[PDB]
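Q: Mind having a look at this structure? Questions to follow.
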Amino acid sequence: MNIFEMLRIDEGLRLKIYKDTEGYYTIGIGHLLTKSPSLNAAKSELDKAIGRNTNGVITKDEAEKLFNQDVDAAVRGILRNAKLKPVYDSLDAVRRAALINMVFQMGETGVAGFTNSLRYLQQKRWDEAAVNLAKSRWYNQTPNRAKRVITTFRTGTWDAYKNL
Ligand SMILES: [Cl-]
Ligand SMILES: [Cl-]
Ligand SMILES: [K+]
């Protein structure tokens, strides 16, 4: 298991434009195109992203390319954030992957706001961190996925992704 396999499990793979859990146009392995209700708009972002006139469908390779870029961007976002960096630097590899996971899903800024959870994680108070993480809109809207991520932060193991 690794961050790529983990997020591939959590985001799935679709080669045609579709709507994510929040109703937003996305494609590939969780690549958000736009929050706009305009499909044309989404298509325009997709074409710009891929570099060709696609008509809303991409290949697996293309999808993987954006995914690699998105994972890298999540990492970069953590490293550049004053609140996330220290947390990430203080964690082991498995837990670091959990944090990357949340940032890919919600963006640097959104995760940076989980002040209290961040502090518990920095303190290595696993169970407390897990409880706190669950008190969120994130957990309520995507509970199965959140449970997986939280279990990963709680145990420092990939047990939640095992068998998937
Ligand atoms: Cl992009
Ligand atoms: Cl879910
Ligand atoms: K998805």
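Labels for the structure tokens follow display order: chains A, B, ..., residues from 1 in each chain, ligands from 1.
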Listing only residues of chain A within 7 Å of ligand 3, what is the closest atom pair and its distance in Å (to one decimal) for each, using only C-alpha atoms and all ligand atoms, sorted by chain and residue number ascending, as CSV?
A:
```
residue,atom,partner,partner_atom_place_in_ligand_line,distance
A:11,CA,ligand 3,1 (K),3.9
A:12,CA,ligand 3,1 (K),5.6
A:20,CA,ligand 3,1 (K),5.2
A:21,CA,ligand 3,1 (K),6.9
A:29,CA,ligand 3,1 (K),6.5
A:30,CA,ligand 3,1 (K),4.5
```
Q: With N, CA, C and O atoms retained, could you export that selection as a PDB file, in the first residue's frame?
A:
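What follows is the written file again_33.pdb:
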```pdb
ATOM      1  N   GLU A  11     -10.669   7.424  -4.566  1.00  0.00           N
ATOM      2  CA  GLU A  11     -11.249   8.271  -5.607  1.00  0.00           C
ATOM      3  C   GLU A  11     -11.765   7.527  -6.835  1.00  0.00           C
ATOM      4  O   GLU A  11     -12.490   8.108  -7.644  1.00  0.00           O
ATOM      5  N   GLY A  12     -11.429   6.252  -7.004  1.00  0.00           N
ATOM      6  CA  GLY A  12     -11.903   5.502  -8.168  1.00  0.00           C
ATOM      7  C   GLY A  12     -11.216   5.970  -9.460  1.00  0.00           C
ATOM      8  O   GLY A  12     -10.293   6.774  -9.414  1.00  0.00           O
ATOM      9  N   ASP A  20     -18.507  14.500  -8.711  1.00  0.00           N
ATOM     10  CA  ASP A  20     -17.996  13.940  -7.461  1.00  0.00           C
ATOM     11  C   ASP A  20     -19.054  13.917  -6.365  1.00  0.00           C
ATOM     12  O   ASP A  20     -20.230  14.206  -6.637  1.00  0.00           O
ATOM     13  N   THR A  21     -18.650  13.601  -5.115  1.00  0.00           N
ATOM     14  CA  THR A  21     -19.645  13.515  -4.031  1.00  0.00           C
ATOM     15  C   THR A  21     -20.330  14.800  -3.721  1.00  0.00           C
ATOM     16  O   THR A  21     -21.432  14.770  -3.149  1.00  0.00           O
ATOM     17  N   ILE A  29      -8.843  10.154 -11.682  1.00  0.00           N
ATOM     18  CA  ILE A  29      -8.730   9.665 -10.312  1.00  0.00           C
ATOM     19  C   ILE A  29      -8.952  10.866  -9.405  1.00  0.00           C
ATOM     20  O   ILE A  29      -8.044  11.462  -8.852  1.00  0.00           O
ATOM     21  N   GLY A  30     -10.214  11.265  -9.282  1.00  0.00           N
ATOM     22  CA  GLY A  30     -10.510  12.398  -8.417  1.00  0.00           C
ATOM     23  C   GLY A  30      -9.951  13.714  -8.876  1.00  0.00           C
ATOM     24  O   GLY A  30      -9.623  14.569  -8.050  1.00  0.00           O
TER      25      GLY A  30
END
```
Q: Enumerate residues in contact with ligand 2: an atom-to-atom distance of at most 6 Å, counting only C-alpha atoms and all ligand atoms. Format the result as a list in words.
A: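 My answer, listing the contacting residues, is residues 142, 143, 144 and 145 of chain A.
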Q: Any chance you could export the current selection's N, CA and C atoms as a compact mmCIF listing (two decimals), in the first residue's frame?
A:
```txt
# COMPACT_ATOMS: atom_id res chain seq x y z
N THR A 142 -18.72 12.15 3.95
CA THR A 142 -18.09 10.97 3.32
C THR A 142 -17.60 10.15 4.48
N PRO A 143 -18.50 9.54 5.20
CA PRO A 143 -18.12 8.73 6.37
C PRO A 143 -17.27 7.49 6.14
N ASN A 144 -17.52 6.75 5.06
CA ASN A 144 -16.73 5.55 4.86
C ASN A 144 -15.28 5.89 4.53
N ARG A 145 -15.15 6.87 3.66
CA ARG A 145 -13.82 7.26 3.31
C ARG A 145 -13.09 7.90 4.52
```
Q: Taking only C-alpha atoms into account, name the residue in A:44, A:117, A:122, A:109 that is nearest to residue A:89.
A: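 Among the listed residues, A:122 lies closest to residue A:89.
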Q: Tell me, counting only C-alpha atoms, for each residue of stretch 108-142 of chain A within 12 Å of stretch 80-84 of chain A, which pair of atoms is nearest and how far apart they are in Å to one decimal, in rows ordered by chain and increasing number, as a tab-separated table.
A:
```
residue	atom	partner	partner_atom	distance
A:108	CA	A:81	CA	7.4
A:109	CA	A:81	CA	8.3
A:110	CA	A:84	CA	10.6
A:111	CA	A:84	CA	7.9
A:112	CA	A:83	CA	5.8
A:113	CA	A:83	CA	8.5
A:114	CA	A:83	CA	9.6
A:115	CA	A:83	CA	8.4
A:116	CA	A:83	CA	11.4
A:117	CA	A:84	CA	11.2
A:118	CA	A:84	CA	7.8
A:119	CA	A:83	CA	9.7
A:121	CA	A:84	CA	10.7
A:122	CA	A:84	CA	9.8
```
Q: Can you spit out the residues from that selection as a PDB file, in the first residue's frame, using N, CA, C and O atoms?
A:
```
ATOM      1  N   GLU A 108      -5.334  22.237   0.781  1.00  0.00           N
ATOM      2  CA  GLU A 108      -4.443  22.664   1.832  1.00  0.00           C
ATOM      3  C   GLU A 108      -5.130  23.524   2.848  1.00  0.00           C
ATOM      4  O   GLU A 108      -5.142  23.290   4.049  1.00  0.00           O
ATOM      5  N   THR A 109      -5.742  24.574   2.337  1.00  0.00           N
ATOM      6  CA  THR A 109      -6.429  25.488   3.231  1.00  0.00           C
ATOM      7  C   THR A 109      -7.486  24.825   4.110  1.00  0.00           C
ATOM      8  O   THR A 109      -7.621  25.123   5.311  1.00  0.00           O
ATOM      9  N   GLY A 110      -8.249  23.904   3.523  1.00  0.00           N
ATOM     10  CA  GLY A 110      -9.258  23.268   4.341  1.00  0.00           C
ATOM     11  C   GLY A 110      -8.662  22.425   5.464  1.00  0.00           C
ATOM     12  O   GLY A 110      -9.105  22.466   6.611  1.00  0.00           O
ATOM     13  N   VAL A 111      -7.635  21.638   5.136  1.00  0.00           N
ATOM     14  CA  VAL A 111      -7.056  20.813   6.189  1.00  0.00           C
ATOM     15  C   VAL A 111      -6.334  21.645   7.255  1.00  0.00           C
ATOM     16  O   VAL A 111      -6.352  21.308   8.459  1.00  0.00           O
ATOM     17  N   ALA A 112      -5.716  22.736   6.774  1.00  0.00           N
ATOM     18  CA  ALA A 112      -4.977  23.634   7.673  1.00  0.00           C
ATOM     19  C   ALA A 112      -5.911  24.169   8.750  1.00  0.00           C
ATOM     20  O   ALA A 112      -5.491  24.575   9.824  1.00  0.00           O
ATOM     21  N   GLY A 113      -7.222  24.170   8.491  1.00  0.00           N
ATOM     22  CA  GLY A 113      -8.164  24.676   9.480  1.00  0.00           C
ATOM     23  C   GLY A 113      -8.524  23.677  10.569  1.00  0.00           C
ATOM     24  O   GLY A 113      -9.195  24.023  11.558  1.00  0.00           O
ATOM     25  N   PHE A 114      -8.103  22.421  10.428  1.00  0.00           N
ATOM     26  CA  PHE A 114      -8.465  21.480  11.496  1.00  0.00           C
ATOM     27  C   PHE A 114      -7.485  21.647  12.666  1.00  0.00           C
ATOM     28  O   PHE A 114      -6.783  20.716  13.061  1.00  0.00           O
ATOM     29  N   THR A 115      -7.450  22.847  13.214  1.00  0.00           N
ATOM     30  CA  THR A 115      -6.537  23.176  14.298  1.00  0.00           C
ATOM     31  C   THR A 115      -6.320  22.172  15.402  1.00  0.00           C
ATOM     32  O   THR A 115      -5.197  21.766  15.682  1.00  0.00           O
ATOM     33  N   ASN A 116      -7.408  21.816  16.050  1.00  0.00           N
ATOM     34  CA  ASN A 116      -7.354  20.871  17.125  1.00  0.00           C
ATOM     35  C   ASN A 116      -6.903  19.470  16.698  1.00  0.00           C
ATOM     36  O   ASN A 116      -6.137  18.805  17.371  1.00  0.00           O
ATOM     37  N   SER A 117      -7.405  18.971  15.580  1.00  0.00           N
ATOM     38  CA  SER A 117      -6.993  17.633  15.150  1.00  0.00           C
ATOM     39  C   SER A 117      -5.480  17.650  14.876  1.00  0.00           C
ATOM     40  O   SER A 117      -4.751  16.738  15.254  1.00  0.00           O
ATOM     41  N   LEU A 118      -5.033  18.723  14.217  1.00  0.00           N
ATOM     42  CA  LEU A 118      -3.614  18.889  13.899  1.00  0.00           C
ATOM     43  C   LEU A 118      -2.740  18.831  15.162  1.00  0.00           C
ATOM     44  O   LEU A 118      -1.706  18.153  15.245  1.00  0.00           O
ATOM     45  N   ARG A 119      -3.200  19.549  16.182  1.00  0.00           N
ATOM     46  CA  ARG A 119      -2.458  19.558  17.449  1.00  0.00           C
ATOM     47  C   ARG A 119      -2.401  18.151  18.042  1.00  0.00           C
ATOM     48  O   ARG A 119      -1.345  17.667  18.485  1.00  0.00           O
ATOM     49  N   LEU A 121      -2.572  15.396  16.511  1.00  0.00           N
ATOM     50  CA  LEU A 121      -1.683  14.573  15.690  1.00  0.00           C
ATOM     51  C   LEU A 121      -0.226  14.909  15.973  1.00  0.00           C
ATOM     52  O   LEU A 121       0.576  13.990  16.028  1.00  0.00           O
ATOM     53  N   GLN A 122       0.084  16.194  16.094  1.00  0.00           N
ATOM     54  CA  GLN A 122       1.426  16.615  16.384  1.00  0.00           C
ATOM     55  C   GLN A 122       1.855  16.006  17.713  1.00  0.00           C
ATOM     56  O   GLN A 122       2.998  15.642  17.906  1.00  0.00           O
TER      57      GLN A 122
END
```
Q: Could you name the residues that touch residue A:43 at 9 Å or less, counting only C-alpha atoms, but leaving out those on the same chain fewer than 6 positions away, as a PyMOL selection string?
A: chain A and resi 17+25+33+53-56
Q: Looking at only C-alpha atoms, which of A:9, A:73, A:39, A:146 is the one that sits closest to residue A:163?
A: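 Among the listed residues, A:9 lies closest to residue A:163.
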Q: Can you write out as JSON lines which residues of chain A fall within 9 Å of ligand 1, alongside each residue's closest atom pair and its distance in Å to one decimal, counting only C-alpha atoms and all ligand atoms and ordering rows by chain and ascending residue number?
A:
```
{"residue": "A:31", "atom": "CA", "partner": "ligand 1", "partner_atom_place_in_ligand_line": "1 (Cl)", "distance": 8.0}
{"residue": "A:32", "atom": "CA", "partner": "ligand 1", "partner_atom_place_in_ligand_line": "1 (Cl)", "distance": 8.6}
{"residue": "A:33", "atom": "CA", "partner": "ligand 1", "partner_atom_place_in_ligand_line": "1 (Cl)", "distance": 7.8}
{"residue": "A:45", "atom": "CA", "partner": "ligand 1", "partner_atom_place_in_ligand_line": "1 (Cl)", "distance": 7.9}
{"residue": "A:46", "atom": "CA", "partner": "ligand 1", "partner_atom_place_in_ligand_line": "1 (Cl)", "distance": 7.8}
{"residue": "A:48", "atom": "CA", "partner": "ligand 1", "partner_atom_place_in_ligand_line": "1 (Cl)", "distance": 7.6}
{"residue": "A:49", "atom": "CA", "partner": "ligand 1", "partner_atom_place_in_ligand_line": "1 (Cl)", "distance": 4.6}
{"residue": "A:50", "atom": "CA", "partner": "ligand 1", "partner_atom_place_in_ligand_line": "1 (Cl)", "distance": 7.6}
{"residue": "A:66", "atom": "CA", "partner": "ligand 1", "partner_atom_place_in_ligand_line": "1 (Cl)", "distance": 6.5}
{"residue": "A:69", "atom": "CA", "partner": "ligand 1", "partner_atom_place_in_ligand_line": "1 (Cl)", "distance": 7.4}
{"residue": "A:70", "atom": "CA", "partner": "ligand 1", "partner_atom_place_in_ligand_line": "1 (Cl)", "distance": 7.6}
```
Q: I need the residues from that last selection saved to file as a short mmCIF file (atom, residue, chain, number, x, y, z; two decimals), in the first residue's frame (with C-alpha atoms), if you can.
A:
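Final output, saved to part.cif:
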```
data_model
loop_
_atom_site.label_atom_id
_atom_site.label_comp_id
_atom_site.auth_asym_id
_atom_site.auth_seq_id
_atom_site.Cartn_x
_atom_site.Cartn_y
_atom_site.Cartn_z
CA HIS A 31 -9.31 15.26 -10.58
CA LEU A 32 -11.70 18.15 -9.81
CA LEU A 33 -12.25 20.25 -12.90
CA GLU A 45 -10.82 23.17 -17.89
CA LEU A 46 -10.25 19.54 -18.96
CA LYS A 48 -6.62 23.06 -20.71
CA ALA A 49 -5.49 20.50 -18.22
CA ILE A 50 -4.74 17.80 -20.80
CA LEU A 66 -3.23 14.35 -13.82
CA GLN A 69 0.30 15.93 -10.75
CA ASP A 70 -2.44 16.13 -8.11
#
```
Q: May I have all residues of stretch 48-95 of chain A that DSSP, computed from the backbone, assigns to alpha helix (DSSP H), given as a ChimeraX atom specification?
A: /A:48-50,60-80,84-90,93-95
Q: I need the residue nearest residue A:71 from this list: A:23, A:37, A:86, A:107. Use only C-alpha atoms for the distance.
A: A:107
Q: Apply DSSP to the backbone of this structure and, from stretch 19-145 of chain A, keep only the residues in strand (DSSP E or B); write these as a PyMOL selection string.
A: chain A and resi 19+25-28+31-32+57
Q: In Å to one decimal, how far is atom CA of residue A:149 from atom CA of residue A:87?
A: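 Separating atom CA of residue A:87 from atom CA of residue A:149 is a distance of 15.7 Å.
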